[PDB]
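Student: Sending over a structure as structure tokens; questions will come in a sec.
Protein chains: 10
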Amino acid sequence: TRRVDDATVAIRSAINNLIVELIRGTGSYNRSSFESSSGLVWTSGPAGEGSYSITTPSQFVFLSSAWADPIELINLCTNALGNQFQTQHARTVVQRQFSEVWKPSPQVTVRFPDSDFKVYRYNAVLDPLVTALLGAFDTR
Amino acid sequence: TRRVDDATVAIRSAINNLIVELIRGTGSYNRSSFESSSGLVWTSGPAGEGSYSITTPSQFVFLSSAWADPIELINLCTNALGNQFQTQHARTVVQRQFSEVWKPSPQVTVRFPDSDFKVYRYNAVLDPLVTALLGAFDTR
Amino acid sequence: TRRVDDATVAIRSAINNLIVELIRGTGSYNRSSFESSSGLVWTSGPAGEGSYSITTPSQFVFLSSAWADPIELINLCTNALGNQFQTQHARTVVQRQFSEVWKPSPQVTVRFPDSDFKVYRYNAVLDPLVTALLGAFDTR
Amino acid sequence: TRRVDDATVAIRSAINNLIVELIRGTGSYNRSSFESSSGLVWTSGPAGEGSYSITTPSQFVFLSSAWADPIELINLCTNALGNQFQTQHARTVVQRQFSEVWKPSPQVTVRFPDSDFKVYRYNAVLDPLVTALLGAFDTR
Amino acid sequence: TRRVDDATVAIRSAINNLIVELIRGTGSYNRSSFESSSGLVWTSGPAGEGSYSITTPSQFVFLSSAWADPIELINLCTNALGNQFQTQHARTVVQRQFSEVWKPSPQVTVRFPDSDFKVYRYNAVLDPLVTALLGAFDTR
Amino acid sequence: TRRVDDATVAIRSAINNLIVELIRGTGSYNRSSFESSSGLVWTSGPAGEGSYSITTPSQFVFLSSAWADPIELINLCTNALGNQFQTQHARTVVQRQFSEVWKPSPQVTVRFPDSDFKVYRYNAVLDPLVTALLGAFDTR
Amino acid sequence: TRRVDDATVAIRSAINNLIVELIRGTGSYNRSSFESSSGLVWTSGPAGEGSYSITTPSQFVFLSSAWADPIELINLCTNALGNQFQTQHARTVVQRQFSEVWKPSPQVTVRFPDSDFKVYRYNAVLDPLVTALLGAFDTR
Amino acid sequence: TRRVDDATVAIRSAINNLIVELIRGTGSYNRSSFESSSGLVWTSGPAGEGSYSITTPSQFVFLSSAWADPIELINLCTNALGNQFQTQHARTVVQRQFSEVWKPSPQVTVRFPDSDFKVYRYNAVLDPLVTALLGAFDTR
Amino acid sequence: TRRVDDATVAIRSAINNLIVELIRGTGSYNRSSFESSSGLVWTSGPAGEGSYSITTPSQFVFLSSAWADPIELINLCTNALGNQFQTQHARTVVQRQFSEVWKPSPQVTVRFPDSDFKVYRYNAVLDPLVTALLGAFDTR
Amino acid sequence: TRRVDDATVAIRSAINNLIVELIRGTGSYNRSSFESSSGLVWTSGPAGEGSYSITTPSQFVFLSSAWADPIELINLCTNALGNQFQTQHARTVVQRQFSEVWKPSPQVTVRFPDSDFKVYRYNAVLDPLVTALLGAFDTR
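Chains as they are written, first to last, in the deposited numbering: chain K, 13 to 152; chain P, 13 to 152; chain M, 13 to 152; chain O, 13 to 152; chain J, 13 to 152; chain J', 13 to 152; chain K', 13 to 152; chain P', 13 to 152; chain M', 13 to 152; chain O', 13 to 152. A prime marks a further copy of an entry chain.
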């Protein structure tokens, strides 16, 4: 009963399904698109600090630990496709890597970065793919 | 008989079902919505202290240990989805994390925080999801 | 023959059935409602002491060790839902916690607390639920 | 052959059937009701002593070791419902507790207490319930 | 059950399917074709530095670690075809070699090399072949 | 190492040391001597009850479980001298018998018996002898 | 190495040393002596309730769980002297009995009993004796 | 090598050394003494809330989790002295009890309780005693 | 050879040596003291963002992950003093807790918090104590 | 022969000796100091590219993979001080982390970053410390 031979196919197909949308750029925001689609308005208070105005609680997801650099994420994918997923060590390490890539960037008193782009963990398209990928590593 | 292969699917689907409602913001209150929906009225007694006026015993649930920070809770979810639920250690640790995230914030002599938001453990929509999630970790 | 996998479902469903009524506040009394529904009349004898007037023996249940703080009880429930009921240690500890939460508050020479609320162990609606819950922990 | 799983149900159902009647107060007497229903008449002989006048031998049951305080008995019940009756140690300890709660209070030269209430072990309604309860603990 | 005799055939056929397209040069770009097909425009800012103008997030794939020298890649293929894929050591080593050949060459502040050619990891035709090849080495 | 051959000698010598003083009657009181030496005064209140007047707390020993019938005690001694103290069963049984012979006879609302005699457990001469005797049975 | 033969002597001598002072009544208080020596003043507020006036924190020991009935305590001693302290079961049971005899009687809103006496756990003479006794049961 | 026989003596002597100072009341503060000795000034801002004014960082210890009810703490001591410290389970449980008794009561937005008293974990006299006591339970 | 009995003493003494200085407040900064002692000057650029002016590279330590809340740190200490350092699990968990308490608060584009205080990991007095403490958990 | 107890001390002392110099900022360069001390001159050729002019071969060390971000390196140190160096897994993981932090930043066709700082692996003062640190992890 080689259940590891079926988990490897699922892991690889999940990585590929995530790469398909990462190539298109879907789920990537800058300051403009973030503040436009999230509804958060930055009030540039005096003098060097400021804050976002929270109007609804559903916006608290945007200020959590749910952002990653696009280049770093696609590099994680390209290096993960070249691992021996027959072993448990690799399925643990790359799962930890895909779970720790999501770090906070926007906060209540920290505006979205000026020129950089960030990938949203809970984007409508990336949420199911990243969830399925993280769940594909869960095998005995 | 790999009963652990079925418990992992249930745990992950429960985390996802909870994330679906956490994204929508359902179950999150501020001072205004808390004091409106709970019926508690804050009497600003002299001078720096005060208290809520308890009219019915059903209001005692609101002043218990049933509140969590939305960002902290969704971060628990995002970090939990990247764990090896095939092992018992993880199913115990993340279960303790989802059971201890609920702390008291409103009390009899402590008014609801002024500007922060809190997630209600016994909200009508969040209660079944959190209960099922906590129960999904209970496997031999 | 995993009889422990069926006991966990019963324990969790009993905790939920009790929480459903604890949320509604049913079974919680203050001084007014206690002395009204129990028939006990407080005679304020001189000078700083007093006593309840016992008219029928059925009132001796009210003066036993059958009262708990609502917040403490619902907190026991919320923390109990996050335990590993697959183990015997937890089924013993939380059972002892649900058995020791009932302490005396009204006595023959001790009037019901002035402003606090208490939950009655032998309330018509709470008695079957608490009994079934305490019995759900009894598994080999 | 788990015969212990059926003895636990019987023990719990017997405790509940006893609690049902203890709540109603049936089987509890004071000085007035005891001396009225038992037929014993206290002759206040000189000077500080006295005695009951025994008219029929059937009254010797009333002066035996068959009395308990109602609060103590119902507290034994409320604490007993939270024991692990899967073990022999508990079935022995709580059985000894239900067998030793019955102490003498009226005697030939000791009148029934002035103001206290006592529960009669051989009351018509409590006798079968207490007997069945004591017998439910008798399992291998 | 010699599953290794079937994995070797798949590995070799994948290597051949990749070599067939590498021979035609498909997926190989220079500065002109890269900046034409990717949409990136190099602004030769003062004085010795410069940058590409990012118009859409889908362009972040081009600036990742997804480029390799054509000669080095075809040499990896020609030397890989002469390995003992019956052993796990070889299937691991050559898989790591095919996973590490992809290095970054264009960046935000690093223009595409002037005269050299590079092979694009996520080219429309080479992406499935390289993915299938990397997946063919994953056998127990 | 026959430590049981030395414990038997000590047990028998302790029984004899107790019998020597029991023969002389030392430590035996009636109503007169009890109420004289203890300081307790019986107030023959109306009508058939009464009580002792407690003047100092040191008198609470007299109203405890520290009285035995002289004939019963000397019979315990005479039957105990004919046991096989080489066995543990006998050393346990007769020790329990010498520990349970002390029962309460005078109480707050129970005057000393009119004509009977009683042996005081904490009499100045009998206390050390009874203590040493009870301690002689404690051997491995 | 019979360390149990030395622990038994210490246990018995500790029980005797405690009995010596219990016989004298030292450490026993009534309402008068309690309110005199503790400094607590009872303010008989309207109408049937009241409270003690706490002037110094050292008085909080008096309102803790540190009181026992004298008769019950001396009965525990007299029955404990007749146990087989060679066994661990007895050394555990009687230790639990000497640890649970101390119950609360005076509280902030509960005045000292009118006519009864109570034994103070932290009396200057009884504290070392009770501590040494409880510690004498601690043997492997 | 019975190292447990020496750890028990240290645990008991540490509990006694702590009880000696708990009896004296040292380390117990009310609102007046807390705000006097800590230097914190409560500014009764409008309307029902307020805060302490932090002048030096050394004051942050007072607002941590370092407060306990005096009665609860001395009750922990009196019940702990009656445990079998020869076993590891007890040394773990009572250590957790002495480590969790310290809860926060004063906070930045929560003034010290009006009339209650609290015991300070880091009081100059109680800190070494509590530290040594917690360390006495640490044995293999 | 119980090397674990010596490591516990070192761990506890290190925790105490750190608590001694945490009580004094040494190593805790606010915005004023941080920007004064570090030399960093905040330039309030337009409009809602800003940055510190880096004059020497030695200032990069202040902007790393080396800050903790004083209350959180001292609470880690008070809860750590109540652990079983005889076990490896505790020495690992509390070491991870003392290693993860240090989080970034000042950054290049994130000014020091306005009113909060933070504890500096590399303070001249706290660095050796925290280092020795972290090293005390390192035992086989 | 616990050779692991001496390797841990050496590892920790090496980490501390490196932190001592990282705090002072020694070994950190910007564009100005790098191009000044290394002798490399950037010729701003047309139009958006350029290059350093290599005058002596000793300058090839500066353009290798020998640069790291100061914050990242000191964070590696602060997180490394909290590891269990008794285990081989940690000594391998943190050694790989200290070996992979050094990445290339200046190249022949890539000028030193405009505003960032970098730490030089082969600085005269940091080279021996980093070498000793990397060598301290090499134990059986």
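Even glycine gets a Cβ: it sits at the ideal position worked out from N, Cα and C.
Among J/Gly-57, J/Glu-61, J/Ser-40, J/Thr-55, which one has its Cα closest to the Cα of J/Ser-49?
Tutor: J/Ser-40
Student: For my contact list, K/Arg-152 and P/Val-16 are in at a C-beta cut-off of 8 Å; report their separation, rounded to the angstrom.
Tutor: 6 Å
Student: Whether or not the segment 66 to 86 of chain K and the segment 105 to 116 of chain K are in contact is what I'm after, with contact meaning three or more pairs of Cβ atoms, one per stretch, closer than 8 Å; do they touch?
Tutor: yes
Student: Compare the C-alpha of M'/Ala-19 against each of M'/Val-105, M'/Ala-136, M'/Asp-126, M'/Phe-97 and name the closest.
Tutor: Selected option, being the one with the closest Cα: M'/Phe-97.
Student: So with CB distances below 9 Å, who are the chain O' contacts of M'/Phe-110?
Tutor: What M'/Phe-110 touches in chain O': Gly-94.
Student: Considering only C-alpha positions, which residue in the set M'/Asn-28, M'/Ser-111, M'/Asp-139 is nearest to M'/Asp-150?
Tutor: M'/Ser-111
Student: Comparing C-alpha positions only, which one of O/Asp-128, O/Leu-146, O/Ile-83, O/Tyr-132 sits nearest to O/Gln-71?
Tutor: Measuring from the Cα of O/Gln-71, the nearest candidate turns out to be O/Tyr-132.
Student: For residue 163 of chain P', report the span of its alpha helix (DSSP H) as first-last.
Tutor: Shown here, chain P' extends from 13 to 152; a query on residue 163 of chain P' therefore has no answer.
Student: Is K'/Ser-127 close to chain M, meaning its C-beta is less than 7 Å from at least one C-beta of that chain?
Tutor: no
Student: What's the C-alpha gap between P'/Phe-129 and P'/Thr-67?
Tutor: 24 Å
Student: Tell me the DSSP secondary structure of K/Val-113 in three-state form.
Tutor: coil
Student: Tell me whether M/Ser-63 sits in a helix, a strand or coil according to DSSP, three-state version.
Tutor: strand
Student: Evaluate the contact criterion for the segment 52 to 62 of chain P' versus the segment 101 to 108 of chain K': three or more CB pairs, one atom per stretch, below 8 Å.
Tutor: no
Student: Which same chain residues end up closer than 8 Å to K'/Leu-141 when comparing Cβ atoms and leaving out the 5 residues on each side of it in sequence?
Tutor: Exclusion of the five residues before and after K'/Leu-141 leaves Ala-26, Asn-29, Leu-30, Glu-33 as the residues of its chain whose Cβ lies within less than 8 Å of its Cβ.
Student: To the nearest angstrom, how far is it from the Cα of P'/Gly-57 to the Cα of P/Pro-125?
Tutor: Take the alpha-carbon of P'/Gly-57 and the one of P/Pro-125: they are about 15 Å apart.
Student: Can M'/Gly-51 and P'/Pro-69 be called in contact, C-beta distance under 7 Å?
Tutor: Contact flag unset, no.
Student: Could you tell me the distance, in whole angstroms, from the CA atom of M'/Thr-13 to the CA atom of O'/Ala-102?
Tutor: 25 Å
Student: With a threshold of 16 other CB atoms inside 10 Å of the CB of K'/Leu-145, please say whether the residue is buried or exposed.
Tutor: buried
Student: Below 9 Å on C-beta distance, what does P/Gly-57 contact in chain P'?
Tutor: Within 9 Å Cβ-Cβ: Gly-60.
Student: Please specify which runs of the alpha helix (DSSP H), each continuous and at least 4 residues long, are wholly inside the segment 69 to 97 of chain M', giving them in chain order.
Tutor: 82 to 92
Student: With distances taken Cα to Cα, identify the nearest neighbour of O/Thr-55 among O/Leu-88, O/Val-120, O/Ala-80.
Tutor: O/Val-120
Student: From what residue to what residue does the alpha helix (DSSP H) around P/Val-32 run?
Tutor: 16 to 36
Student: Which same chain residues end up closer than 7 Å to K/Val-137 when comparing Cβ atoms and leaving out the 5 residues on each side of it in sequence?
Tutor: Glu-33, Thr-38, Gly-39
Student: Determine, for K/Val-122, whether the minimum Cβ-Cβ distance to residues of chain M' falls below 7 Å.
Tutor: yes
Student: Compare the C-beta of O/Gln-98 against all C-beta atoms of chain M and say whether one is closer than 7 Å.
Tutor: At least one chain M Cβ lies under 7 Å of O/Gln-98.
Student: For O/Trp-54 and chain J', any beta-carbon pair shorter than 7 Å?
Tutor: yes
Student: In angstroms with no decimal places, state the Cα-to-Cα distance between O'/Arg-43 and O'/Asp-81.
Tutor: Each residue's Cα considered, the two are about 14 Å apart.
Student: Give the secondary structure of K/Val-142 by DSSP, where H, G and I count as helix, E and B as strand, and everything else as coil.
Tutor: helix
Student: Buried or exposed: M/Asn-95, going by 16 or more other Cβ atoms within 10 Å of its Cβ?
Tutor: buried
Student: Per DSSP, J'/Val-131 forms a beta bridge with which residues?
Tutor: J'/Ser-40, J'/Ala-80
Student: Report the option in P/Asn-91, P/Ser-45, P/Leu-93, P/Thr-143 whose CA atom is closest to the CA atom of P/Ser-127.
Tutor: Nearest of P/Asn-91, P/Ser-45, P/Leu-93, P/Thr-143 to P/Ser-127, Cα basis: P/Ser-45.
Student: Taking only beta-carbon positions, decide if P'/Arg-36 is within less than 7 Å of chain K'.
Tutor: yes
Student: Classify M'/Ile-83 as buried or exposed, calling it buried when 16 or more other Cβ atoms lie within 10 Å of its own Cβ.
Tutor: buried
Student: Sorted by chain position, which residues of the same chain lie with C-beta nearer than 8 Å to K/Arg-24's C-beta, five sequence neighbours on each side aside?
Tutor: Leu-93, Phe-97
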